[PDB]
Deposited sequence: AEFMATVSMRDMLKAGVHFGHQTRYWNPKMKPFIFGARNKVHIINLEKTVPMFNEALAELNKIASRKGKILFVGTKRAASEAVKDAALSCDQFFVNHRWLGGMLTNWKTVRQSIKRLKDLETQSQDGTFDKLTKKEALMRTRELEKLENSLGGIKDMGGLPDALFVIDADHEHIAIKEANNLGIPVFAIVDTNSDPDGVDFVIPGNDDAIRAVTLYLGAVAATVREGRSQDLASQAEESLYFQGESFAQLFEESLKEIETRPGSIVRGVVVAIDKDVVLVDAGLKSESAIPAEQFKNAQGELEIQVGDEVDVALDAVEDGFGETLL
């Protein structure tokens, strides 16, 4: 996975802040200045982004959970779009101190959110006074704005992808403390020190932000599915055996002896065994019950069967 330099140039990825606003720590990523404005060196952005994408692909491929964080105007709606498009998670309105470091508390706040969700729907709020119903409605607003993108995360994320390292410094510091790797777009006015995988680039243009998140969402989908990887395993070696050769070889795989197999499905009075024939074999449960009339085997168990 990569984005080309020409694509980044068109999106404005190389536009830094005015030089008077810079953080000197971004010097290695700066190409120069034109008209009192810093130009970001895409010669560095491209390999550093590829490096970031490769590791996010690896994390996603072990069922890793990715938290997209971006709450500034330019990032907010796109962060949600990206996260949804690859079945991950997000914070896009505002960060509450402790979302990560006090995660056991957040977990309870999530159940409280779901209870308030139910209450607002099943008429509980209508049986309250206006003053009370408003209290619960504002609480539900706070919880949904802040936790709505993570309510099904189910534990700490395995990585953070962040738009604007300075704007999101609180979250980045929590991740640091927990040893959660941080991938971030770092603009010329920002401190890169807390960022594990820095991506030098413009964090102020919707089109630039969209370019980054798109490449991220794609590589995360590829990590989960293994679509393109499993496919490009057919070119790694010779596969030109004839069917005839392969079929005759498979006939000699028969030794010796009645057959052996594996349960794949147990619906009452129907036990299903894959013994590698044309069809799986559906067996009456009775052959698999003990003296008390209970099922002895489980889906995935190994068994025997009579040809």
Fill in the blank from the handout: Per the record, the structure omits deposited positions 1-4, 262-264, 315-326
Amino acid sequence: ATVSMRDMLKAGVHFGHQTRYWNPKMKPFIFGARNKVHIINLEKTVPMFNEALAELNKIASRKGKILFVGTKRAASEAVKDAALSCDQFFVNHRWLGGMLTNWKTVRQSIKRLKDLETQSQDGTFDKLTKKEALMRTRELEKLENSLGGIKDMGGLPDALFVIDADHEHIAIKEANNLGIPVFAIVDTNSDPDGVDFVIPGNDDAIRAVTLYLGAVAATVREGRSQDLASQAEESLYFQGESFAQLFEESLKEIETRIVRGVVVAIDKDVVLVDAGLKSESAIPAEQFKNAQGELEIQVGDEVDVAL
From here on, numbers count along this sequence of modelled residues.
Exercise for the section: Would you determine, from the values in the PDB entry, which of 102-110 and 173-181 has the greater average C-alpha temperature factor? Expected result: 102-110
Problem - Per the entry, higher mean C-alpha B factor between 201-209 and 113-121 - result: 113-121
Exercise for the section: Can you pull the Cα B-factors for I30, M48, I59, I254 from the entry and say which is highest? Expected result: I254
Exercise for the section: Tell me, please, which of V37, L246, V263, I40 has the highest C-alpha B factor according to the deposited entry? Expected result: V263
Fill in the blank from the handout: Entry-reported C-alpha B-factor of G16 relative to its chain, by third, is lowest
Exercise for the section: Place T71 in the lowest, middle or highest third of its chain's C-alpha B-factors, as listed in the PDB entry. Expected result: middle
Fill in the blank from the handout: Assert third(CA B-factor, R221) within chain per record equals middle
Completion exercise
Of the three thirds of Cα B-factor ranks in this chain, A229 occupies the highest
Practice task
Place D87 in the lowest, middle or highest third of its chain's C-alpha B-factors, as listed in the PDB entry.
Solution key: middle
